[PDB]
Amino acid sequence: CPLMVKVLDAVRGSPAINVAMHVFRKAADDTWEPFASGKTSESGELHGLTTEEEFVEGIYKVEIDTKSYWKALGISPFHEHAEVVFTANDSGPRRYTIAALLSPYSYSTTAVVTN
């Protein structure tokens, strides 16, 4: 599993469950093409977005719908979404774990890249 995302809620100290996200890949003509999508599970994780074969070199964008997450909890948050944009697999295949830590007016994002 070459691309996984984990989302935590910094207010409750819990996984952020049922958070929707879409992944995009930059095409040769510079547009963002839809690549994969999913929502976080009860553990705050989203697995199975792609395969080693499909996940070729390129620039990818993960757009995490954090606004809908907060709104369903009654909160009007600052950010519309949390976006993570990165070049992947430039030196060969790697495994990427993207973590997002959510607060109503702040988010943090971290990448763990393994070989």
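Throughout, we count residues from 1 along the sequence that is shown.
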May I ask you to compare 103-111 and 21-29 by their mean CA B factor in the entry and name the higher one?
21-29
Higher-scoring stretch by recorded Cα B factor average, 5-13 or 91-99
91-99
Based on the PDB entry, the highest CA temperature factor among the options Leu46, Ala72, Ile64, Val85 is that of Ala72
Where the record places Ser41 (Cα B-factor, split into thirds across the chain):
middle
